[PDB]
Amino acid sequence: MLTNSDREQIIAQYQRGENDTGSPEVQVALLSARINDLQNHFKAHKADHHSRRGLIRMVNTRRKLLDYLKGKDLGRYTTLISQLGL
RNA sequence: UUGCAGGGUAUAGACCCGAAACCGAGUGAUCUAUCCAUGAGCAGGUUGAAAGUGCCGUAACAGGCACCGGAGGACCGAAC
């Protein structure tokens with residue numbers, strides 16, 4: 001998984017405001033970290049379809065938040081995807 | 001009966017010539033069959049597999065496109 005410590009590290013890096021932990025930036029960053037970490041699990045467990053269902057839902061949620069953020073403020077979206085390599 | 005001569009017969013090549021064979025011991029792989037070692041040859045012209053690289057793409061594999069590469073009891077065709 002991701003520990004509480006590195007989850008809070010990601011939160012702190014992408015804080016738009018003080019202890020917000022809810023903006024599209026921090027949400028997308030946390031989803032990105034979780035997906036990139038779960039890649040390790042699914043390389044060793046290819047037939048884990050029940051877990052892959054949740055990972056696909058993570059991908060879908062990140063895509064929804066990225067499109068919403070792009071439609072809201074395009075500078076923030078172009079900055080966020082550049083930071084996250086998307 | 002013993003010689004000598006003659007006719008026949010017996011055993012021997014047994015009137016002469018003639019097999020395809022069978023057996024024994026050698027000679028041959030400078031032809032040819034396969035193999036072993038060690039050398040040599042295959043003008044010229046084609047096609048364009050895998051791999052690779054880049055860009056895109058994918059959550060990631062996947063996938064696409066271009067370039068590139070030079071496979072093959074591959075193709076056309078002399079020597080052979």
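Values reported hereafter were calculated over all heavy atoms of this structure, with side chains retained and with hydrogens, waters and symmetry mates removed. The sequence lines fix the lettering, A, B, ..., with proteins before strands; numbering per chain opens at 1.
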Separation of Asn40(A) atom CG from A60(B) atom P, in whole Å? 14 Å
Ignoring hydrogens and angles, tell me if any N or O in the side chain of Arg62(A) forms a donor-acceptor pair with the backbone of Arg57(A) under 3.5 Å. no
Shortest non-hydrogen contact between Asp6(A) and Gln9(A), atoms and distance: O-OE1, 2.8 Å
Of the non-hydrogen atoms in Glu18(A) and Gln15(A), which two are nearest, and what is the gap between them? C-OE1, 3.7 Å
Separation of the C1' atoms in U11(B) and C17(B), to the nearest angstrom: 24 Å
Is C22(B) stacked onto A21(B), using centres under 5.5 Å and an interplanar angle under 30°? yes
Could you state the CG-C1' distance from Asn60(A) to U58(B), rounded to the nearest angstrom? 13 Å
Can we call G54(B) and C65(B) a base pair, counting Watson-Crick and G-U wobble only and needing both distances under 3.5 Å? yes
Sign-based sugar class (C1'-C2'-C3'-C4') of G72(B): south
Please report the interatomic distance CZ(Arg16(A)) to OG1(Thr21(A)), rounded to the nearest 0.5 Å. 14.0 Å
Using the six-membered ring of each base, decide whether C35(B) stacks on its neighbour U34(B) (centre distance under 5.5 Å, planes under 30°). yes
With heavy atoms under 4.0 Å as the rule, sort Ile56(A) into base, sugar-phosphate or nothing. base
Rounded to the nearest Å, what distance is computed from the CG atom of residue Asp37(A) to the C1' atom of nucleotide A60(B)? 13 Å
Separation of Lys43(A) atom NZ from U58(B) atom P, in whole Å? 18 Å
Would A59(B) and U47(B) pass as a Watson-Crick or G-U wobble pair if both distances have to be under 3.5 angstrom? no
On a whole-Å scale, what distance lies between the P atoms belonging to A5(B) and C22(B)? 48 Å
From CG of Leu86(A) over to P of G57(B), roughly how many Å is that when rounded to an integer? 12 Å
Could you tell me whether the sugar of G28(B) is north or south, judging only by the sign of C1'-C2'-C3'-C4'? north
Categorize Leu55(A) for me: base, sugar-phosphate, or nothing, with a 4.0 angstrom heavy-atom threshold over every strand shown. base
Categorise the sugar of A66(B) by the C1'-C2'-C3'-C4' dihedral sign as either north or south. north
Using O4'-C1'-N9-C4 for purines and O4'-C1'-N1-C2 for pyrimidines, with syn meaning within 90° of 0, is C61(B) syn or anti? syn
Same-atom distance (P) from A51(B) to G72(B), integer angstrom: 16 Å
In terms of side-chain heavy atoms, does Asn4(A) have a donor or acceptor partner in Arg7(A) at a distance below 3.5 Å? yes
For atom NZ of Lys64(A) and atom P of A59(B), their distance in whole Å: 13 Å
Could you please name the partner base of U9(B), counting Watson-Crick and G-U wobble pairs only when both distances are under 3.5 Å? none
Could you let me know what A29(B) is paired to, Watson-Crick or G-U wobble, both distances under 3.5 Å, or none if it's on its own? none
In whole Å, what separates the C1' atom of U46(B) from that of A78(B)? 16 Å
Measuring only the P atom in each nucleotide, how far is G52(B) from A62(B)? A whole number of Å is fine. 11 Å
Just how far, in rounded Å, is P of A62(B) from CZ of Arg52(A)? 14 Å
Check for me whether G24(B) and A25(B) meet both conditions: six-membered ring centres under 5.5 Å apart and planes under 30°. yes
Going by purine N1 to pyrimidine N3 plus the second Watson-Crick contact, or the G-U wobble pair, all under 3.5 Å, which nucleotide sits opposite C68(B)? none
Name all residues meeting the side chain to side chain contact (heavy atoms under 4.5 Å, CB included) criterion together with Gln27(A); count only those two or more places apart in sequence or in a different chain, and write none if there are none. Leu65(A)
Sugar conformation, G13(B) - torsion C1'-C2'-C3'-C4' sign: south
Exercise: identify the closest heavy-atom pair between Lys46(A) and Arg52(A): O-NH1, 2.6 Å
Just checking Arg63(A): base, sugar-phosphate only, or nothing, at a heavy-atom cut-off of under 4.0 Å? nothing
Work out how far the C1' atom of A49(B) is from that of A71(B), and round it to whole angstrom. 5 Å
How far, in whole Å, is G70(B) from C31(B) if one measures between their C1' atoms? 44 Å
Please give the distance between the P atoms of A79(B) and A43(B) as a whole number of Å. 13 Å
Reading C1'-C2'-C3'-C4' for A14(B) with positive as north and negative as south, the pucker comes back south
Could you give the CG-to-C1' distance, from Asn36(A) to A59(B), as a whole number of Å? 8 Å
Taking C-beta and beyond as the side chain, do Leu80(A) and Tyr14(A) meet within less than 4.5 Å on heavy atoms? yes
Specify whether both conditions hold for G28(B) and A29(B): six-membered ring centres separated by under 5.5 Å, and ring planes at an angle under 30°. no
